[PDB]
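Shown here: work_14.pdb, PDB, C-alpha atoms and all ligand atoms.
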MODEL        1
ATOM      1  CA  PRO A   1       4.288 -25.574  11.162
ATOM      2  CA  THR A   2       2.815 -22.139  12.138
ATOM      3  CA  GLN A   3       3.518 -22.286  15.950
ATOM      4  CA  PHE A   4       5.953 -19.478  16.832
ATOM      5  CA  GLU A   5       7.064 -19.125  20.495
ATOM      6  CA  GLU A   6       8.275 -15.962  22.145
ATOM      7  CA  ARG A   7      11.375 -17.597  23.700
ATOM      8  CA  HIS A   8      12.734 -18.386  20.187
ATOM      9  CA  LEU A   9      12.375 -14.840  18.668
ATOM     10  CA  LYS A  10      15.623 -12.784  18.609
ATOM     11  CA  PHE A  11      15.700  -9.038  17.869
ATOM     12  CA  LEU A  12      18.048  -8.044  15.001
ATOM     13  CA  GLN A  13      16.928  -4.504  13.960
ATOM     14  CA  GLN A  14      13.914  -2.207  13.801
ATOM     15  CA  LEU A  15      12.632  -1.859  10.215
ATOM     16  CA  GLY A  16      10.096   0.904  11.015
ATOM     17  CA  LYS A  17       7.436   2.130  13.429
ATOM     18  CA  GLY A  18       4.317   4.229  13.940
ATOM     19  CA  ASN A  19       2.184   5.741  16.688
ATOM     20  CA  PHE A  20       0.510   2.461  17.812
ATOM     21  CA  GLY A  21       2.776  -0.297  16.298
ATOM     22  CA  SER A  22       6.272  -1.327  15.165
ATOM     23  CA  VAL A  23       7.917  -3.665  12.597
ATOM     24  CA  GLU A  24      11.171  -5.445  13.573
ATOM     25  CA  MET A  25      13.561  -7.797  11.742
ATOM     26  CA  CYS A  26      13.799 -10.890  13.987
ATOM     27  CA  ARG A  27      15.341 -14.385  13.792
ATOM     28  CA  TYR A  28      13.052 -17.294  14.728
ATOM     29  CA  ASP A  29      15.665 -19.565  16.287
ATOM     30  CA  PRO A  30      14.109 -22.677  17.958
ATOM     31  CA  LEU A  31      17.474 -24.521  17.651
ATOM     32  CA  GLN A  32      19.245 -21.470  19.185
ATOM     33  CA  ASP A  33      22.350 -21.687  16.960
ATOM     34  CA  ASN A  34      21.446 -18.647  14.798
ATOM     35  CA  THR A  35      20.624 -20.917  11.793
ATOM     36  CA  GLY A  36      16.905 -20.068  12.048
ATOM     37  CA  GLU A  37      14.921 -18.068   9.490
ATOM     38  CA  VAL A  38      14.834 -14.251   9.505
ATOM     39  CA  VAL A  39      11.276 -12.844   9.692
ATOM     40  CA  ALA A  40       9.489  -9.464   9.883
ATOM     41  CA  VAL A  41       7.545  -9.127  13.158
ATOM     42  CA  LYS A  42       4.705  -6.681  13.861
ATOM     43  CA  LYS A  43       3.609  -5.780  17.418
ATOM     44  CA  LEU A  44       1.410  -3.076  19.039
ATOM     45  CA  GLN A  45       2.455  -0.448  21.659
ATOM     46  CA  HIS A  46      -0.623   0.893  23.505
ATOM     47  CA  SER A  47      -3.614  -1.312  22.732
ATOM     48  CA  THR A  48      -7.343  -0.685  23.189
ATOM     49  CA  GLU A  49      -9.922  -3.458  22.590
ATOM     50  CA  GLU A  50     -10.716  -2.151  19.045
ATOM     51  CA  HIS A  51      -7.003  -1.775  18.098
ATOM     52  CA  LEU A  52      -6.635  -5.429  19.220
ATOM     53  CA  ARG A  53      -9.680  -6.354  17.072
ATOM     54  CA  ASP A  54      -8.290  -4.493  13.983
ATOM     55  CA  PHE A  55      -5.018  -6.449  14.336
ATOM     56  CA  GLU A  56      -7.022  -9.734  14.685
ATOM     57  CA  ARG A  57      -8.851  -8.809  11.493
ATOM     58  CA  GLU A  58      -5.621  -7.973   9.628
ATOM     59  CA  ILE A  59      -4.328 -11.433  10.641
ATOM     60  CA  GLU A  60      -7.488 -13.106   9.307
ATOM     61  CA  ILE A  61      -7.150 -11.181   6.004
ATOM     62  CA  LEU A  62      -3.460 -12.199   5.832
ATOM     63  CA  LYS A  63      -4.284 -15.883   6.563
ATOM     64  CA  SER A  64      -6.561 -16.163   3.511
ATOM     65  CA  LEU A  65      -4.131 -14.481   1.063
ATOM     66  CA  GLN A  66      -1.825 -16.515  -1.188
ATOM     67  CA  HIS A  67      -0.549 -14.768  -4.297
ATOM     68  CA  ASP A  68       2.806 -14.089  -6.003
ATOM     69  CA  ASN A  69       2.426 -10.263  -5.689
ATOM     70  CA  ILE A  70       1.148 -10.236  -2.049
ATOM     71  CA  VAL A  71       3.593 -10.427   0.943
ATOM     72  CA  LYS A  72       3.648 -13.971   2.453
ATOM     73  CA  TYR A  73       1.946 -14.646   5.781
ATOM     74  CA  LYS A  74       3.840 -16.960   8.116
ATOM     75  CA  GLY A  75       1.950 -17.021  11.391
ATOM     76  CA  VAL A  76       1.266 -15.471  14.790
ATOM     77  CA  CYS A  77       2.957 -15.676  18.229
ATOM     78  CA  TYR A  78       0.211 -16.445  20.803
ATOM     79  CA  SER A  79       2.722 -16.779  23.755
ATOM     80  CA  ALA A  80       1.605 -13.598  25.610
ATOM     81  CA  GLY A  81      -2.099 -14.095  24.680
ATOM     82  CA  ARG A  82      -4.598 -11.925  22.789
ATOM     83  CA  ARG A  83      -3.420  -8.748  24.560
ATOM     84  CA  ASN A  84       0.159  -8.912  23.149
ATOM     85  CA  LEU A  85       0.075 -10.729  19.769
ATOM     86  CA  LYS A  86       2.968 -10.720  17.286
ATOM     87  CA  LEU A  87       2.344 -11.000  13.521
ATOM     88  CA  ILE A  88       5.005 -13.025  11.701
ATOM     89  CA  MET A  89       5.542 -12.005   8.032
ATOM     90  CA  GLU A  90       8.212 -12.887   5.486
ATOM     91  CA  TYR A  91      11.270 -10.662   5.712
ATOM     92  CA  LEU A  92      11.968  -8.955   2.383
ATOM     93  CA  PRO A  93      15.553  -7.534   2.496
ATOM     94  CA  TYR A  94      15.090  -5.151  -0.522
ATOM     95  CA  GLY A  95      12.456  -3.205   1.458
ATOM     96  CA  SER A  96       9.795  -0.835   0.149
ATOM     97  CA  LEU A  97       9.366   0.086  -3.528
ATOM     98  CA  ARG A  98       9.510   3.751  -2.532
ATOM     99  CA  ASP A  99      13.080   3.317  -1.145
ATOM    100  CA  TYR A 100      14.123   0.759  -3.769
ATOM    101  CA  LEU A 101      13.130   3.053  -6.677
ATOM    102  CA  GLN A 102      15.069   6.069  -5.288
ATOM    103  CA  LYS A 103      18.151   3.879  -4.815
ATOM    104  CA  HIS A 104      18.047   2.006  -8.201
ATOM    105  CA  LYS A 105      16.463   4.736 -10.432
ATOM    106  CA  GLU A 106      19.367   4.560 -12.947
ATOM    107  CA  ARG A 107      18.653   0.897 -13.763
ATOM    108  CA  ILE A 108      14.838   1.182 -13.657
ATOM    109  CA  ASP A 109      13.453   2.370 -17.009
ATOM    110  CA  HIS A 110       9.800   2.900 -18.037
ATOM    111  CA  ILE A 111       9.438  -0.761 -19.141
ATOM    112  CA  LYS A 112      10.422  -1.837 -15.580
ATOM    113  CA  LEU A 113       8.073   0.712 -13.943
ATOM    114  CA  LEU A 114       5.245  -0.871 -15.986
ATOM    115  CA  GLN A 115       6.393  -4.369 -14.943
ATOM    116  CA  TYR A 116       5.890  -3.318 -11.301
ATOM    117  CA  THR A 117       2.634  -1.515 -12.142
ATOM    118  CA  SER A 118       0.936  -4.574 -13.612
ATOM    119  CA  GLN A 119       2.056  -6.824 -10.743
ATOM    120  CA  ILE A 120       0.270  -4.352  -8.423
ATOM    121  CA  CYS A 121      -2.862  -4.478 -10.654
ATOM    122  CA  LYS A 122      -2.872  -8.332 -10.581
ATOM    123  CA  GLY A 123      -2.386  -8.358  -6.817
ATOM    124  CA  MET A 124      -5.203  -5.808  -6.415
ATOM    125  CA  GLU A 125      -7.415  -7.831  -8.790
ATOM    126  CA  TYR A 126      -6.993 -10.893  -6.512
ATOM    127  CA  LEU A 127      -7.834  -8.778  -3.449
ATOM    128  CA  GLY A 128     -11.076  -7.686  -5.165
ATOM    129  CA  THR A 129     -12.213 -11.317  -5.612
ATOM    130  CA  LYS A 130     -12.377 -11.603  -1.770
ATOM    131  CA  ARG A 131     -14.078  -8.192  -1.382
ATOM    132  CA  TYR A 132     -10.964  -6.726   0.272
ATOM    133  CA  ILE A 133     -10.372  -2.985   0.098
ATOM    134  CA  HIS A 134      -6.700  -2.204   0.783
ATOM    135  CA  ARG A 135      -7.132   1.507   1.797
ATOM    136  CA  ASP A 136      -3.362   2.190   1.999
ATOM    137  CA  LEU A 137      -2.011   1.703  -1.562
ATOM    138  CA  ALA A 138       1.272   3.630  -1.788
ATOM    139  CA  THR A 139       4.840   2.800  -2.927
ATOM    140  CA  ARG A 140       5.935   2.877   0.747
ATOM    141  CA  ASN A 141       3.493  -0.051   1.346
ATOM    142  CA  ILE A 142       4.645  -2.067  -1.686
ATOM    143  CA  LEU A 143       7.599  -4.348  -0.968
ATOM    144  CA  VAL A 144      10.311  -5.645  -3.353
ATOM    145  CA  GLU A 145      11.174  -9.392  -3.617
ATOM    146  CA  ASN A 146      13.801  -8.855  -6.358
ATOM    147  CA  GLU A 147      14.492  -6.634  -9.444
ATOM    148  CA  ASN A 148      11.604  -8.434 -11.348
ATOM    149  CA  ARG A 149       8.972  -8.908  -8.561
ATOM    150  CA  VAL A 150       7.073  -6.511  -6.255
ATOM    151  CA  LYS A 151       4.495  -7.436  -3.588
ATOM    152  CA  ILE A 152       1.622  -5.457  -2.001
ATOM    153  CA  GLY A 153       2.240  -5.195   1.736
ATOM    154  CA  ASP A 154       0.918  -3.265   4.725
ATOM    155  CA  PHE A 155      -2.621  -4.700   5.110
ATOM    156  CA  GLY A 156      -3.074  -2.829   8.456
ATOM    157  CA  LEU A 157      -5.934  -0.651   7.116
ATOM    158  CA  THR A 158      -7.535  -3.336   4.935
ATOM    159  CA  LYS A 159     -11.351  -3.769   5.122
ATOM    160  CA  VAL A 160     -13.914  -6.271   3.934
ATOM    161  CA  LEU A 161     -16.874  -4.963   1.925
ATOM    162  CA  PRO A 162     -20.321  -6.029   3.167
ATOM    163  CA  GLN A 163     -22.024  -8.797   1.149
ATOM    164  CA  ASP A 164     -24.717  -6.358  -0.147
ATOM    165  CA  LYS A 165     -22.840  -3.009  -0.370
ATOM    166  CA  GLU A 166     -20.020  -1.897  -2.699
ATOM    167  CA  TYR A 167     -18.435   0.460  -0.119
ATOM    168  CA  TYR A 168     -17.250   0.272   3.498
ATOM    169  CA  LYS A 169     -17.702   3.264   5.821
ATOM    170  CA  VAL A 170     -15.000   3.686   8.489
ATOM    171  CA  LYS A 171     -16.629   4.986  11.715
ATOM    172  CA  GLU A 172     -13.435   6.275  13.442
ATOM    173  CA  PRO A 173     -10.453   7.380  11.282
ATOM    174  CA  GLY A 174      -7.160   8.531  12.918
ATOM    175  CA  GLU A 175      -4.285  10.060  10.914
ATOM    176  CA  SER A 176      -4.992   9.272   7.221
ATOM    177  CA  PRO A 177      -2.748   9.375   4.095
ATOM    178  CA  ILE A 178      -5.054  12.069   2.679
ATOM    179  CA  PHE A 179      -2.920  12.852  -0.446
ATOM    180  CA  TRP A 180      -3.634   9.242  -1.653
ATOM    181  CA  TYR A 181      -7.360   9.385  -0.743
ATOM    182  CA  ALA A 182     -10.292   9.693  -3.153
ATOM    183  CA  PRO A 183     -12.662  12.681  -2.577
ATOM    184  CA  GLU A 184     -15.496  10.456  -1.283
ATOM    185  CA  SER A 185     -12.991   8.899   1.182
ATOM    186  CA  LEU A 186     -12.112  12.403   2.417
ATOM    187  CA  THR A 187     -15.701  13.788   2.546
ATOM    188  CA  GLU A 188     -17.723  10.655   3.430
ATOM    189  CA  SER A 189     -15.049   8.199   4.713
ATOM    190  CA  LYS A 190     -16.305   5.709   2.039
ATOM    191  CA  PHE A 191     -13.829   3.092   0.784
ATOM    192  CA  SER A 192     -14.324   0.793  -2.260
ATOM    193  CA  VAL A 193     -12.528  -0.902  -5.170
ATOM    194  CA  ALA A 194     -12.913   2.563  -6.852
ATOM    195  CA  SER A 195     -11.086   4.343  -3.990
ATOM    196  CA  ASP A 196      -8.250   1.752  -4.333
ATOM    197  CA  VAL A 197      -8.257   2.610  -8.081
ATOM    198  CA  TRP A 198      -7.873   6.314  -7.215
ATOM    199  CA  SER A 199      -4.970   5.400  -4.909
ATOM    200  CA  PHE A 200      -3.392   3.216  -7.622
ATOM    201  CA  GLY A 201      -3.446   6.317  -9.826
ATOM    202  CA  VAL A 202      -1.314   8.054  -7.202
ATOM    203  CA  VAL A 203       1.030   5.021  -6.997
ATOM    204  CA  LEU A 204       1.438   5.201 -10.810
ATOM    205  CA  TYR A 205       2.180   8.937 -10.427
ATOM    206  CA  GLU A 206       4.770   8.023  -7.748
ATOM    207  CA  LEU A 207       6.517   5.569  -9.997
ATOM    208  CA  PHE A 208       6.823   8.062 -12.886
ATOM    209  CA  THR A 209       8.236  10.895 -10.675
ATOM    210  CA  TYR A 210      11.018   8.430  -9.671
ATOM    211  CA  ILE A 211      10.236   9.455  -6.025
ATOM    212  CA  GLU A 212      11.653  12.992  -6.587
ATOM    213  CA  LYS A 213      11.023  14.806  -3.234
ATOM    214  CA  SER A 214       9.864  18.105  -4.772
ATOM    215  CA  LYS A 215       7.406  16.157  -7.031
ATOM    216  CA  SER A 216       5.769  13.905  -4.343
ATOM    217  CA  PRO A 217       1.961  13.964  -3.895
ATOM    218  CA  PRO A 218       2.153  15.990  -0.641
ATOM    219  CA  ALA A 219       4.670  18.418  -2.168
ATOM    220  CA  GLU A 220       2.607  19.100  -5.326
ATOM    221  CA  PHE A 221      -0.792  19.295  -3.540
ATOM    222  CA  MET A 222       0.570  21.831  -0.960
ATOM    223  CA  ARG A 223       2.065  23.859  -3.838
ATOM    224  CA  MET A 224      -1.326  23.742  -5.646
ATOM    225  CA  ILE A 225      -3.268  24.772  -2.522
ATOM    226  CA  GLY A 226      -1.178  27.975  -2.229
ATOM    227  CA  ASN A 227       0.134  30.320   0.471
ATOM    228  CA  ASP A 228      -3.344  31.666   1.406
ATOM    229  CA  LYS A 229      -4.163  28.753   3.803
ATOM    230  CA  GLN A 230      -5.869  31.097   6.335
ATOM    231  CA  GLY A 231      -9.410  30.222   7.520
ATOM    232  CA  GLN A 232      -9.505  26.416   6.969
ATOM    233  CA  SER A 233      -7.620  23.107   7.383
ATOM    234  CA  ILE A 234      -5.449  21.307   4.758
ATOM    235  CA  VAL A 235      -7.988  18.496   4.172
ATOM    236  CA  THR A 236     -10.676  21.173   3.553
ATOM    237  CA  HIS A 237      -8.363  22.929   1.021
ATOM    238  CA  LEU A 238      -7.654  19.551  -0.664
ATOM    239  CA  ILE A 239     -11.409  18.734  -0.907
ATOM    240  CA  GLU A 240     -12.158  22.052  -2.718
ATOM    241  CA  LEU A 241      -9.118  21.596  -5.027
ATOM    242  CA  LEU A 242     -10.210  18.080  -6.045
ATOM    243  CA  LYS A 243     -13.871  19.232  -6.440
ATOM    244  CA  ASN A 244     -12.582  21.932  -8.884
ATOM    245  CA  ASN A 245     -10.790  19.233 -10.978
ATOM    246  CA  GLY A 246      -7.356  20.173  -9.588
ATOM    247  CA  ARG A 247      -5.035  17.184 -10.140
ATOM    248  CA  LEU A 248      -1.388  16.114  -9.765
ATOM    249  CA  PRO A 249       0.536  17.462 -12.817
ATOM    250  CA  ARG A 250       2.075  15.246 -15.553
ATOM    251  CA  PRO A 251       5.785  14.660 -14.807
ATOM    252  CA  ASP A 252       7.889  16.094 -17.660
ATOM    253  CA  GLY A 253       9.046  12.732 -19.047
ATOM    254  CA  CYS A 254       5.894  10.677 -18.381
ATOM    255  CA  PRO A 255       4.260   9.098 -21.473
ATOM    256  CA  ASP A 256       0.859  10.634 -22.336
ATOM    257  CA  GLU A 257      -0.909   7.241 -22.302
ATOM    258  CA  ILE A 258       0.392   6.671 -18.755
ATOM    259  CA  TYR A 259      -0.762  10.111 -17.554
ATOM    260  CA  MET A 260      -4.161   9.360 -19.187
ATOM    261  CA  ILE A 261      -4.547   6.203 -17.027
ATOM    262  CA  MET A 262      -3.813   8.385 -13.956
ATOM    263  CA  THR A 263      -6.416  11.039 -14.777
ATOM    264  CA  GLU A 264      -9.047   8.286 -15.503
ATOM    265  CA  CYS A 265      -8.309   6.738 -12.097
ATOM    266  CA  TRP A 266      -8.735  10.299 -10.678
ATOM    267  CA  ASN A 267     -12.341  10.679 -11.861
ATOM    268  CA  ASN A 268     -14.608  12.293  -9.256
ATOM    269  CA  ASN A 269     -17.352   9.755 -10.059
ATOM    270  CA  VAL A 270     -16.663   6.326  -8.455
ATOM    271  CA  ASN A 271     -18.772   4.650 -11.203
ATOM    272  CA  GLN A 272     -16.596   6.103 -14.010
ATOM    273  CA  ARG A 273     -13.187   4.869 -12.679
ATOM    274  CA  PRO A 274     -11.531   1.988 -14.581
ATOM    275  CA  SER A 275     -11.375  -1.621 -13.230
ATOM    276  CA  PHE A 276      -8.098  -3.272 -12.118
ATOM    277  CA  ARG A 277      -8.446  -5.799 -14.913
ATOM    278  CA  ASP A 278      -8.731  -3.079 -17.508
ATOM    279  CA  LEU A 279      -5.794  -1.304 -15.857
ATOM    280  CA  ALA A 280      -3.635  -4.452 -16.135
ATOM    281  CA  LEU A 281      -4.599  -4.914 -19.821
ATOM    282  CA  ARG A 282      -3.857  -1.247 -20.698
ATOM    283  CA  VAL A 283      -0.511  -1.285 -18.816
ATOM    284  CA  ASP A 284       0.693  -4.594 -20.347
ATOM    285  CA  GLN A 285      -0.114  -3.257 -23.837
ATOM    286  CA  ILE A 286       1.748   0.083 -23.364
ATOM    287  CA  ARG A 287       4.704  -1.927 -21.971
ATOM    288  CA  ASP A 288       4.564  -4.248 -25.054
ATOM    289  CA  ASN A 289       4.478  -1.245 -27.454
ATOM    290  CA  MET A 290       7.605   0.257 -25.781
ATOM    291  CA  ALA A 291      10.005  -2.623 -26.663
TER     292      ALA A 291
HETATM  293  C1  LIG B 301       5.288  -7.295   9.357
HETATM  294  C2  LIG B 301       4.408  -6.041   9.007
HETATM  295  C3  LIG B 301       3.540  -6.245   7.781
HETATM  296  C4  LIG B 301       2.153  -6.250   7.911
HETATM  297  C5  LIG B 301       1.339  -6.499   6.813
HETATM  298  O1  LIG B 301      -0.024  -6.502   6.955
HETATM  299  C6  LIG B 301       1.907  -6.742   5.570
HETATM  300  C7  LIG B 301       3.285  -6.733   5.428
HETATM  301  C8  LIG B 301       4.115  -6.465   6.519
HETATM  302  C9  LIG B 301       5.566  -6.250   6.277
HETATM  303  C10 LIG B 301       6.106  -4.967   6.386
HETATM  304  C11 LIG B 301       7.437  -4.713   6.117
HETATM  305  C12 LIG B 301       8.276  -5.754   5.725
HETATM  306  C13 LIG B 301       9.658  -5.868   5.331
HETATM  307  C14 LIG B 301      10.589  -4.711   5.372
HETATM  308  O2  LIG B 301      10.257  -3.674   5.916
HETATM  309  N1  LIG B 301      11.829  -4.930   4.895
HETATM  310  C15 LIG B 301      12.958  -4.076   4.983
HETATM  311  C16 LIG B 301      14.206  -4.567   4.631
HETATM  312  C17 LIG B 301      15.325  -3.766   4.766
HETATM  313  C18 LIG B 301      15.185  -2.469   5.260
HETATM  314  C19 LIG B 301      16.357  -1.540   5.378
HETATM  315  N2  LIG B 301      13.980  -1.982   5.608
HETATM  316  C20 LIG B 301      12.908  -2.766   5.451
HETATM  317  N3  LIG B 301       9.910  -7.153   5.043
HETATM  318  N4  LIG B 301       8.756  -7.850   5.227
HETATM  319  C21 LIG B 301       7.740  -7.050   5.626
HETATM  320  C22 LIG B 301       6.400  -7.309   5.900
ENDMDL
END

Please go through the file and, once you have read it, give me the structure as structure tokens.
Amino acid sequence: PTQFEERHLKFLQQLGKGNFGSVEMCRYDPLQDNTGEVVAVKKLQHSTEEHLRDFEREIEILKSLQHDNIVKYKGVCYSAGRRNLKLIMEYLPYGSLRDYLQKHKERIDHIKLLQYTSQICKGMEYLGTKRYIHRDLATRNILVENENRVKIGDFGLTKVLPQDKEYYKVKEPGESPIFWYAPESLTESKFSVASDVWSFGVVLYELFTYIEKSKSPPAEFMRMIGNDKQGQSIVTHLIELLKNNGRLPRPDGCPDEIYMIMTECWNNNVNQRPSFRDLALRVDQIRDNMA
């Protein structure tokens, strides 16, 4: 049931792409009458042996994952061999939470934002049981199944903690989403459950800005860094700002208990950040107290 051949895949539209890989909406049509299922297909552009290995790892991670708030794995297309693999994932027509929230902001109140928030916490909790560190938690990488269900997607950066260590050190990072990254991820390239918790704080921030462009994490951090950028890089400026307890401001509208959860997630000390279970319990209870 998981054997997808190249001759049956039909291109419909490009959903998005990056520097090394792309995501397309395709129809898997073995009966060639256009009745076949519509799927999301990932492929790579210019592949080195370690980019190939990363993709093989992502596929292994995706194989083992079954959860209501995690995007469904379907299979792989082996037709062109190891060198040119295609990852087959479920096509979600409502797209990313980032885009979905901007579009439907008038029908998405605080109670709904917290509904999404705790689904992300439960998904992340399940990830933790397998020692998986996501590394790319952001509303752009959360996908929408319907008005009442969101799913964590893009597992392209996801790593597996060693059996005896609580962090994973990435030996060669490319372009990173630095305005979602914990300080220790920036300074030491160390990724853990606690760095995912930091990132979840930024996701919660995202949700309560309603994806207002001027209030996005890059926008506010660049504003906070200032016009005197001479002498050092942006990442260096961000490191000093975070070290000095500079943080993303409270959106004017955001409940104080919600902003508190953010600032706790944004603790400099990895050992003082809350757990995803605690986060789920605190979010569910604030959501209950609202209605
Ligand atoms: C296949 C790559 C991947 C890799 C991974 O590790 C986890 C999830 C995915 C993935 C990423 C994106 C999507 C989407 C979508 O992008 N949907 C949409 C719909 C409509 C529009 C306009 N744009 C967009 N649907 N299923 C998706 C699965």

> CA of residue 5 in chain A and atom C4 of ligand LIG 301 (chain B) are how many Å apart?
Replying inline: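 These two atoms are separated by 18.7 Å.
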
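With only C-alpha atoms and all ligand atoms as the atoms that count, the minimum distance from ligand LIG 301 (chain B) to the choices A:71, A:111, A:193, A:238 is reached by A:71.
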
> From the set A:130, A:250, A:98, A:215, which residue has the shortest atom-to-atom contact distance to ligand LIG 301 (chain B), counting all atoms listed in the file?
Replying inline: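 Once distances to ligand LIG 301 (chain B) are computed over all atoms listed in the file, the minimum belongs to A:98.
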
> In Å, how far is it from CA of residue 119 in chain A to CA of residue 150 in chain A?
Replying inline: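 Pair CA of residue 119 in chain A / CA of residue 150 in chain A returns 6.7 Å.
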
> Got a sec: who's within 10 Å of residue 77 in chain A, counting only C-alpha atoms, leaving out chain neighbours fewer than 5 positions off, as a list in words?
Replying inline: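 Close residues of residue 77 in chain A: residues 2, 3, 4, 5, 6, 9, 41, 43, 82, 84, 85, 86, 87 and 88 of chain A.
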
>> To check your reading of the model: which residues sit at most 10 Å from ligand LIG 301 (chain B) when counting all atoms listed in the file? Write the answer as a PyMOL selection string.
In response: chain A and resi 13-17+21-25+38-43+55+58-59+61-62+70-74+86-96+99-100+140-145+151-158

Output C-alpha atoms for every residue in that selection, as an mmCIF file, keeping the file's coordinate frame.
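Wrote result_12.cif, looks like this:
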data_model
loop_
_atom_site.group_PDB
_atom_site.id
_atom_site.type_symbol
_atom_site.label_atom_id
_atom_site.label_comp_id
_atom_site.auth_asym_id
_atom_site.auth_seq_id
_atom_site.Cartn_x
_atom_site.Cartn_y
_atom_site.Cartn_z
ATOM 1 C CA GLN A 13 16.928 -4.504 13.960
ATOM 2 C CA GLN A 14 13.914 -2.207 13.801
ATOM 3 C CA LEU A 15 12.632 -1.859 10.215
ATOM 4 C CA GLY A 16 10.096 0.904 11.015
ATOM 5 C CA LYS A 17 7.436 2.130 13.429
ATOM 6 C CA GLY A 21 2.776 -0.297 16.298
ATOM 7 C CA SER A 22 6.272 -1.327 15.165
ATOM 8 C CA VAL A 23 7.917 -3.665 12.597
ATOM 9 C CA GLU A 24 11.171 -5.445 13.573
ATOM 10 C CA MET A 25 13.561 -7.797 11.742
ATOM 11 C CA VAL A 38 14.834 -14.251 9.505
ATOM 12 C CA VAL A 39 11.276 -12.844 9.692
ATOM 13 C CA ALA A 40 9.489 -9.464 9.883
ATOM 14 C CA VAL A 41 7.545 -9.127 13.158
ATOM 15 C CA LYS A 42 4.705 -6.681 13.861
ATOM 16 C CA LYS A 43 3.609 -5.780 17.418
ATOM 17 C CA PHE A 55 -5.018 -6.449 14.336
ATOM 18 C CA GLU A 58 -5.621 -7.973 9.628
ATOM 19 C CA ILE A 59 -4.328 -11.433 10.641
ATOM 20 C CA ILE A 61 -7.150 -11.181 6.004
ATOM 21 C CA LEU A 62 -3.460 -12.199 5.832
ATOM 22 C CA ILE A 70 1.148 -10.236 -2.049
ATOM 23 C CA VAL A 71 3.593 -10.427 0.943
ATOM 24 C CA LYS A 72 3.648 -13.971 2.453
ATOM 25 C CA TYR A 73 1.946 -14.646 5.781
ATOM 26 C CA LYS A 74 3.840 -16.960 8.116
ATOM 27 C CA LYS A 86 2.968 -10.720 17.286
ATOM 28 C CA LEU A 87 2.344 -11.000 13.521
ATOM 29 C CA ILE A 88 5.005 -13.025 11.701
ATOM 30 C CA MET A 89 5.542 -12.005 8.032
ATOM 31 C CA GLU A 90 8.212 -12.887 5.486
ATOM 32 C CA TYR A 91 11.270 -10.662 5.712
ATOM 33 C CA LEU A 92 11.968 -8.955 2.383
ATOM 34 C CA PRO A 93 15.553 -7.534 2.496
ATOM 35 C CA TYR A 94 15.090 -5.151 -0.522
ATOM 36 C CA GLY A 95 12.456 -3.205 1.458
ATOM 37 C CA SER A 96 9.795 -0.835 0.149
ATOM 38 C CA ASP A 99 13.080 3.317 -1.145
ATOM 39 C CA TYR A 100 14.123 0.759 -3.769
ATOM 40 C CA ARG A 140 5.935 2.877 0.747
ATOM 41 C CA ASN A 141 3.493 -0.051 1.346
ATOM 42 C CA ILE A 142 4.645 -2.067 -1.686
ATOM 43 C CA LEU A 143 7.599 -4.348 -0.968
ATOM 44 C CA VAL A 144 10.311 -5.645 -3.353
ATOM 45 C CA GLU A 145 11.174 -9.392 -3.617
ATOM 46 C CA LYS A 151 4.495 -7.436 -3.588
ATOM 47 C CA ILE A 152 1.622 -5.457 -2.001
ATOM 48 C CA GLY A 153 2.240 -5.195 1.736
ATOM 49 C CA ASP A 154 0.918 -3.265 4.725
ATOM 50 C CA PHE A 155 -2.621 -4.700 5.110
ATOM 51 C CA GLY A 156 -3.074 -2.829 8.456
ATOM 52 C CA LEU A 157 -5.934 -0.651 7.116
ATOM 53 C CA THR A 158 -7.535 -3.336 4.935
#

> Which polymer residues have any atom within 12 Å of an atom of residue 237 in chain A, counting only C-alpha atoms, with same-chain residues fewer than 2 positions away left out, as a list in words?
Replying inline: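 Contacts, with the query itself left out: residues 178, 179, 183, 186, 187, 221, 222, 223, 224, 225, 226, 227, 228, 229, 230, 231, 232, 233, 234, 235, 239, 240, 241, 242, 243, 244 and 246 of chain A.
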
>> With the PyMOL selection byres (((chain A and resi 101) around 10) and not hetatm) as the selection, what would be picked from this file? Answer as a ChimeraX atom specification, please.
In response: /A:96-100,102-108,113,139,144,206-207,210-211

>> What does the structure give for the distance between CA of residue 44 in chain A and CA of residue 217 in chain A, in Å to one decimal?
In response: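 Between CA of residue 44 in chain A and CA of residue 217 in chain A the gap is 28.6 Å.
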
>> For the PyMOL selection byres (((chain A and resi 198) around 10) and not hetatm), applied here, can you spell out every residue it catches as a ChimeraX atom specification?
In response: /A:137,180-183,192-197,199-203,262-268,270,273-274

Set up a box along x, y and z of the file covering all listed atoms of range 99-107 of chain A, add 5 Å on every one of the six sides, and write the centre and edge lengths in Å to one decimal, as lines of an AutoDock Vina configuration file.
center_x = 16.2
center_y = 3.4
center_z = -7.5
size_x = 16.3
size_y = 15.3
size_z = 22.6

> Using all atoms listed in the file, which residue out of A:116, A:20, A:208, A:168 lies closest to residue 189 in chain A?
Replying inline: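 Closest to residue 189 in chain A of all the choices is A:168.
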
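Minimum distance to residue 117 in chain A across A:172, A:252, A:56, A:284 (counting only C-alpha atoms) occurs at A:284.
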
> Quick one: of A:11, A:132, A:167, A:259, who's nearest to residue 65 in chain A, counting only C-alpha atoms?
Replying inline: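 So, comparing all the options, the nearest one is A:132.
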
>> I'd like the neighbourhood of residue 10 in chain A as a PyMOL selection string, where a residue qualifies if any of its atoms comes within 8 Å (using all atoms listed in the file), though same-chain residues fewer than 5 positions away should be ignored.
In response: chain A and resi 26-29

> Between A:129, A:34, A:118, A:209, which one has atoms that come closest to residue 161 in chain A, using only C-alpha atoms?
Replying inline: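 Using only C-alpha atoms, the shortest distance to residue 161 in chain A belongs to A:129.
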
> Hey, what's within 10 Å of residue 282 in chain A if we count only C-alpha atoms and toss same-chain stuff fewer than 6 positions away? As a ChimeraX atom specification, please?
Replying inline: /A:118,257-258,261,276,288

Residue selection dump (C-alpha atoms) as a compact mmCIF listing (two decimals), keeping the file's coordinate frame:
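Writing the result to result.txt gives the following:
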# COMPACT_ATOMS: atom_id res chain seq x y z
CA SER A 118 0.94 -4.57 -13.61
CA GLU A 257 -0.91 7.24 -22.30
CA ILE A 258 0.39 6.67 -18.76
CA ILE A 261 -4.55 6.20 -17.03
CA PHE A 276 -8.10 -3.27 -12.12
CA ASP A 288 4.56 -4.25 -25.05
